[PDB]
Amino acid sequence: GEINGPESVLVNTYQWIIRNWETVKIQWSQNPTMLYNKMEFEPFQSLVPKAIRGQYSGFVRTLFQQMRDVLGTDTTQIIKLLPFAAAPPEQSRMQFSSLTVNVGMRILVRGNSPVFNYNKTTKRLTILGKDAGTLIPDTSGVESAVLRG
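Read in my numbering, the sequence shown has 586 at position 120, and its numbers run on one by one without any break.
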């Protein structure tokens with residue numbers, strides 16, 4: 467884990483999700499609030515602007531409810547959005563294309579950003595230029611035909 471201030475809070479939160487991904491995936495499927503309401507996400511929540519925390523949580527929880535109902539368990543997207551579900555949700559009709567953390571820096575809802583960057587070839591997640599670990603259901607990590615020899 468990292469120790470440099472707000473940045474480290476971000477990196478460390480996504481490292482925790484990756485390291486605990488089996489238990490997180492099952493809880494997200496079966497009983498998501500034991501996950502959304504975990505104290506693990508309190509530091510991440512303090513980085514989200516106070517005036518919009520609840521509106522972001524309403525958006526992500528609603529998105530997850532719809533995802534789950536029609537598709538079940540997109541690993542990268544569940545990991546990305548999860549910490550934003552931690553605040554008490556405020557429901558609204560607002561549709562967010564990005565979500566800000568104070569470190570504003572933007573996490574894009576679809577695809578990669580300077581803050582959150584998943585690499586399909588190495589199968590590792592990078593947060594603010596630091597490694598968060600390897601992402602995974604049926605050998606993990608780097609693809610074939612990367613190392614020439």
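C-beta: ideal position from N, C-alpha, C; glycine also.
Query: Alpha carbon of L476 to alpha carbon of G570, nearest angstrom; Result: 13 Å
Query: Cutoff 6 Å; reference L574; Cβ partners in own chain excluding five residues on either side; Result: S564
Query: 3 or more residues per run - each beta strand (DSSP E) lying fully within the segment 499–572; Result: 564–567
Query: Stretch-stretch touch, CB-based, cutoff 8 Å, three pairs: the segment 551–562 with the segment 523–538; Result: yes
Query: Given 8 Å, three or more beta-carbon pairs between the segment 488–495 and the segment 505–520; Result: no
Query: Beta-carbon separation (whole angstroms), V569 vs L594, contact threshold 8 Å; Result: 7 Å
Query: Whole-Å CB distance - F530 paired with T479, under 8 Å assumed; Result: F530 to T479, Cβ: 17 Å. No contact.
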